[PDB]
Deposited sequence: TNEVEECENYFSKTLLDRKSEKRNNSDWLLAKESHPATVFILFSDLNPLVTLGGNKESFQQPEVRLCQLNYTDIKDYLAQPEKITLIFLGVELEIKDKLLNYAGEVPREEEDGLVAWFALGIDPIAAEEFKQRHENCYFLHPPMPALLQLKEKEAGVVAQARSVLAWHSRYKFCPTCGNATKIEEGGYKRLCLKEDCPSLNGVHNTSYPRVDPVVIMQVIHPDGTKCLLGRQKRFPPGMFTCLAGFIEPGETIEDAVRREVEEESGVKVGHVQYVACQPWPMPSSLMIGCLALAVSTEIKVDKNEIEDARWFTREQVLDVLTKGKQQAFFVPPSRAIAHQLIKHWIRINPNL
């Protein structure tokens, strides 16, 4: 399967080989064809796009060196990440390099005044679900990496400050005697948080389990999810979280889909699970309510019902719910 769920599609080729090519990156930074994306507090600069009278779609305000040349003069006040090179199979190494630039919110509102037509897409939820399919992944990659730099400014091993390197996909500790510099450790590389999201099916196969936290919007039920524990497997993390939150024992756990979640860095691992019990014992400390919903109740929601609703189609939870109805 070729991952399709929102954030799975990109307009770029990561080209990680060009990351340790300082001579190349430096040349592409000043190149005119090079595309730049502006970010303020992990929020991308987007304009509104060629439409005639109809509802206009949100597109990323694609900057060039001409605009961004001024901001680059303060490398201590900015964060530049090389995203990759554009895809163009149809029709100097002619590659459209793409970069991501993080700036101060003091200098950002200054830029927003000059832009006038371009604006920052905030809050990340649900605003980030508006972008184009291929633009989504580019933002998912950008936001995730920038979020790592914004919150991992220091070395967790010794506490000393860190230097950005390898085009923004590495961080080196400046304390010479630090043990992080002796070998290869995760402290230097960017974080990816694995999350399991599961569609639990009743032992009779006619119902499915859905729940909600306190923060969740009123009357909205979704698939149960949780972070994979260290030294734990994908399948056993599914069996754990369902029993922990709802008190429902799980049997077979089948992997179904992939969905990146740039909040800030997370990877949703969608699973279709078969439950072996029927009683629900809600934790209240992890989930406010959990219930068994019949296939008719769900079919009503996925079409146009109802006393409850599920997440949008651009959220993996919705796709696993859709999967069970088709698989029935």
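Residues of the deposited sequence missing from the coordinate set occupy positions 1-4, 54-55, 98-110, 325-326, 350-352.
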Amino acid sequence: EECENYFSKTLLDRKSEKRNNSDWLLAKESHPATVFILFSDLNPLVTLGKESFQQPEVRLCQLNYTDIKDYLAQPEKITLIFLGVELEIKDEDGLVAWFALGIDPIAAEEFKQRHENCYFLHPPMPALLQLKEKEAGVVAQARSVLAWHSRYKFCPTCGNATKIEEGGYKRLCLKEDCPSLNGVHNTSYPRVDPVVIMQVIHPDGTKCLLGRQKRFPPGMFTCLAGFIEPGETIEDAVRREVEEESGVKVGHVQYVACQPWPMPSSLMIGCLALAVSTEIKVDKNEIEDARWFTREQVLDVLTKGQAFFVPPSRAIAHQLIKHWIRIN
From here on, numbers count along this sequence of modelled residues.
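The PDB entry reports B-factors from which the mean C-alpha value can be compared for 1-9 and 317-325; the larger average falls on 1-9.
Of the two stretches examined, 67-75 and 219-227, the record assigns the greater average C-alpha temperature factor to 67-75. Take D93, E241, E235, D193 and read off each C-alpha B-factor from the entry; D93 has the highest.
When the C-alpha B-factors of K50, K281, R291, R295 are read from the PDB record, the largest value belongs to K50. When the modelled residues of the chain are ordered by their C-alpha B factor, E116 lands in the highest third. Residue-level temperature factors show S266 in the lowest third of its chain, judged at the C-alpha atom. Ranked by C-alpha B-factor against the other modelled residues of its chain, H252 falls in the lowest third. Remark: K175 belongs to the highest third of its chain, ranked by C-alpha B-factor as recorded. Remark: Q259 belongs to the lowest third of its chain, ranked by C-alpha B-factor as recorded.
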